[PDB]
């Protein structure tokens, strides 16, 4: 590839982060650009970075971002990396191939920031509504809020033992400070009524929390 990036990297909160984009031999001294991609935002121009390691950063790029080079390697450095720096970082390089401009982007490196302080999730569960039961359907709602960092795994149980038919989200609101997620277990009304309980169980960074719904309740 003209530009090689590992698809993922992780770093300890507040430590130094170092990302590598490697140019092929034919472009080994080229200047590259770094871009940052986060969900629900325009991609952001981060920096231009030369073969000798000189660089200029873009508009709204905090001073913790820096760059350096070694042979065909181009590095983006984030000093004291922060939760808000989680992102896909992509390198790019332009060139001329017969009088025609070409531009090539790396496949991106998805950066996660580990060792963040934890807030444990709050769960809110809702049984099927009267309206939905009348249609012979029963969707159990599990809403998961106020948690950090990103990322929970959720399992449903029927009568205190696990089950599959109920998937959920990727786990974000990278703004505010906290994150939100949800899971829905799609049942028939007969399945709802014919168990003693159901349980939404959430694991967050190895701690799990849970809340149950009981058909006898309503």
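Numbering follows the first chain given and starts at 1.
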Take the C-alpha B-factors listed in the entry for 157-165 and for 44-52, compute each mean, and give the stretch with the larger one.
157-165
Between 136-144 and 117-125, name whichever shows the higher mean Cα B factor according to the PDB entry.
117-125
Per the PDB entry, maximal CA B factor within 95, 73, 131, 85
95
Highest CA B factor of 36, 29, 170, 189, as deposited, is found at 170
Residue 111 CA temperature factor, ranked by third within the chain:
lowest
Would you check the entry's CA temperature factor for residue 196 and let me know if it's in the chain's lowest, middle or highest third?
middle
Could you place residue 182 in the lowest, middle or highest third of its chain by Cα temperature factor, using the values in the record?
lowest
Mind checking which third residue 77 falls in for C-alpha B-factor across the chain?
middle
What third of its chain's C-alpha B-factors does residue 21 belong to: lowest, middle or highest?
middle
